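Okay, here we've got a single chain as structure tokens, the form deposited without its partner chain, with questions on binding and movement later.
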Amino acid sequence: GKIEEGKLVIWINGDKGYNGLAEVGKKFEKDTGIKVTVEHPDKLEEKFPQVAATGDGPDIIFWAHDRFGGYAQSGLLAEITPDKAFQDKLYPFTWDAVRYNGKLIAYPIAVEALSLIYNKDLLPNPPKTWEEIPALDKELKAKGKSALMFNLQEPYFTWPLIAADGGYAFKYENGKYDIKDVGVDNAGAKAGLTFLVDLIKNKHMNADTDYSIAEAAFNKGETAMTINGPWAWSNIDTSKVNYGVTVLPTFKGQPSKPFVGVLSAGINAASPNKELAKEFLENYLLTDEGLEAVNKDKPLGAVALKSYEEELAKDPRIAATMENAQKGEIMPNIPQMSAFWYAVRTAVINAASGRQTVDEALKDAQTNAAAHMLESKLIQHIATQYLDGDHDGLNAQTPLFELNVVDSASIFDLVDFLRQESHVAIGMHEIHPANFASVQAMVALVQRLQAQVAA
């Protein structure tokens, strides 16, 4: 073919144990005569869809799973065929991260989620419930310290509590995420966010705490607890703090539901070496000995293979990661998560600051996400159609007129696209510069129009 037959080329990020992975590849070659080449290009996750579309690229790509949904929609990933006996060797939830339109499109490798991190000297037995945290803060305040500090600026960090009693990102049903069903506007998300705001109002936490401030406070022994992932363990100053890592607290007797990222291995749809790639991944890498080779080069954290997870879980920090991940929410593998992230970032910051109420903030978030999705659709349309498909500094606020895109005939083509994608009638009296000066204004017009008729 155009990818070389009888050879395996693998792409993995340079912050992974690629040298340990290469050791697995050497033993594959010893047994089969097939050479394995491990490469770690910069920006490999952007290069892959470019070169795969032309029939090129690696036979196997390693990356976080949430990117593989777009690769699959472009038809770049082969459908993988592990029998049920093999699937049984990995924790069942990991296979839900690697499915697209009913099909398995990758092998789970390692699993990552937030955990509760705590100062053992200040707090030898950390709390099991969010509810008992205000009582713990008051005791520690008497000795000039606080119970808990974590990054309240980024919704990825506050979602575990918001989703605990019923939040979700996108509804998952019949194998597919429904981008019209964002799970922010319900009683469970409101309950979680409400408990978070009341922590702020009762001064147990401060709304401006971000990543760095929380990390510094924990290293100084000023706060007994924080919330962070495995990437942060090496920055904990163990010359000052003896720390442990544990299951997140419950809310209303429900586990916190942190988002779960799954490092996954996909097979290039243009590779003629699909069967060799399956053999390598199933019978060489996804084994106690294969994962150990990678782990010894650079730790994998918690792994999807049950047997080796049991071994690594002798490290209680790793056991905690997997327990939190089993209770968490798999990150949806669709490009519309960018709308979710934007919409929920806004709502949590506003609820925390007193700007909106928990109720108004969460109801607003569904509308904001749809708005963001439409903007994205428009930006891509305008780029693909008038700019060769590349967004060279194209924003929702970019001035369409000065770009020389809103031509004298091209405007009505844009109106039509707007009519199709939003199912509203757009009269001639709405076709004026303040409505079409930017993508944001076009979306705002569409949003305003929908209400006028639906009332």
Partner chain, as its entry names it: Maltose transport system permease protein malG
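The term rigid core refers to the maximal set of C-alpha atoms that superpose within 1.5 Å between the two forms. Residue numbers count along the first chain shown, from 1.
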- Item | Of 246-254 and 135-143, the stretch whose C-alpha atoms average the higher B-factor in the entry | 135-143
- As the entry reports it, the stretch among 53-61 and 417-425 with higher mean C-alpha B factor is 417-425
- Task: Could you say which of 278, 176, 89, 298 has its CA atom at the highest B factor, as listed in the PDB entry?
- Result: 176
- Message: If I read the C-alpha B-factors straight from the PDB entry, which of 180, 274, 306, 327 is highest?
- Response: 180
- Entry-reported C-alpha B-factor of residue 386 relative to its chain, by third, is highest
- The third of the chain into which the C-alpha temperature factor of residue 99 falls is the middle
- Message: Taking only the Cα B-factors deposited for this chain, tell me whether residue 393 sits in the lowest, middle or highest third.
- Response: highest
- Query: Mind checking which third residue 355 falls in for C-alpha B-factor across the chain?
  - Reply: highest
- Query: According to the PDB entry, is the CA B factor of residue 48 in the bottom, middle or top third of its chain, that is, lowest, middle or highest?
  - Reply: middle
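We do not show the form solved in complex with its partner chain, though everything after this point is about it.
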- Query: What residues, if any, in 204-222 have a non-hydrogen atom within 4.5 angstroms of its partner chain in the deposited bound form?
  - Reply: 211, 212, 213, 215, 216, 219, 220
- After aligning the rigid core, which of 179, 313, 232, 197 is the one whose Cα travels 2 Å or more between the shown form and the other one? 179
- Message: At a change of 3 Å or more, would you call the C-alpha separation of residue 232 and residue 239 in the deposited bound form closer or farther than in the form supplied?
- Response: closer
